[PDB]
């Protein structure tokens, strides 16, 4: 049950802003598949990122939603593959939101080497307005 621990560790490290642990748990050359909403001028939607590209998107999001946290609700593991359902919880200027995240991660030697994630942004925006 090591890969499951890696992924649990990841979301805790994101919540705490723990860069050292994030960089331990994600390989520098990991293949990160972010959703189309995270696409920009340099990465069109569908283009994979590396670790530091992912951590860059995370930091941008955190600037807008400084109290946003992810809690793991369900986790399943088979071999080196871990899938998770999380709930992202925060407030936008005093109005609380609650958004589902679904993730799939490949772990090798206790490091994430591939990751897919999508968030239910439309539901979050419905809650805020």
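Positions refer to the first chain, counted from 1.
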query: Selected stretch [higher average CA B-factor]: 30-38 or 80-88; finding: 30-38
query: 70-78 or 89-97, whichever carries the higher mean Cα B-factor; finding: 89-97
query: Largest Cα B-factor, entry values, listed residues 114, 12, 109, 120; finding: 109
query: Residue 57, C-alpha B-factor rank within chain (lowest, middle or highest third); finding: middle
